[PDB]
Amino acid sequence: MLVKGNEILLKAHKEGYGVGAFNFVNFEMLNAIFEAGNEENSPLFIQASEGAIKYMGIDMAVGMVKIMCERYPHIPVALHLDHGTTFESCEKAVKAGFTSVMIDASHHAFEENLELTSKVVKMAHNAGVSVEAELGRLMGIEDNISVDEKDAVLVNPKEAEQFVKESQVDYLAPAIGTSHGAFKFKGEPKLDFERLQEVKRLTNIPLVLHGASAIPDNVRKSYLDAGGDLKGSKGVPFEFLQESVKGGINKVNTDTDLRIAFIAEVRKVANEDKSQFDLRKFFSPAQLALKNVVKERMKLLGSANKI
């Protein structure tokens, strides 16, 4: 059933596994994510960014989710606002029926981030919805990066301790070296697992990893075979995602992998039959590929069979 996000992540935190948080922009993505959760018997964060809410309309985002939850009442699901940018946006999401909201003010100074985050928390908690906030910048720590300029980019763990204590945020996204999109690393992947472990120790709450797509070999292969361009793309290795969970990550934001898998099949159908214009013949294989990405990720993070 639809539940507050912190009910799902507190279980993950205590039992030491990670729960995939999967973005959707329409029916096909949503359906495939839910079918994956049903087949793997796994809890789920379903998320929509502000741009996805603009695309769908917030009434439709929430609406489709509630219908899916009624279809599969046994699956614990949190409906989560991804990268909320203002108090007002988080407020609209609460009113609309989201059960978790991210207020992302990581680009603001520490005092402003904490102030805005605390304001959202007071509002959300009053409505019985959980809150995520973020510290650090979601960009790659390039090689030859200043030893100090690294501490000006990644999460400052002492900041994280105070941040969580004063804001009462339910979960925290600490930047440890990932970033959004298909182009995460020039050269070999590297994440600050020491930093992660220090944050987990200091805060003792569920933590969130953004930019956690892996760009699996089979997915890259499907996209390339269908004539797509992924030159220079590098995701977070499966081994790193498991290490992240060991280090205290409980929510794993995954969006890019889903879209590559999905669009690879759309491109393939278009390539292989020029006369095809039944939408379902494009979107059925696309759904299956996305579903399969989600199912494998659920097993990897250890959320499979945790319902």
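Sequential numbering from 1, following the sequence displayed.
- Stretch comparison (163-171 versus 149-157) by mean CA B-factor in the PDB entry places 149-157 on top.
- According to the PDB record, 186-194 carries the higher mean C-alpha B-factor of the two stretches 186-194 and 84-92.
- Reading the B-factor column for the CA atoms of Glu272, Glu28, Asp278, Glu35 in the entry, the top value corresponds to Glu272.
- Highest CA B-factor among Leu79, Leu135, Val131, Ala226, as stated in the entry: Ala226.
- Remark: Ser100 belongs to the lowest third of its chain, ranked by C-alpha B-factor as recorded.
- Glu243: CA B factor lies in the highest third for its chain, per the PDB record.
- Sort the modelled residues of the chain by CA B factor and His107 lands in the highest third.
- Split the chain's modelled residues into thirds by C-alpha temperature factor. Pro285 is in the middle one.
- Sort the modelled residues of the chain by CA B factor and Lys54 lands in the highest third.
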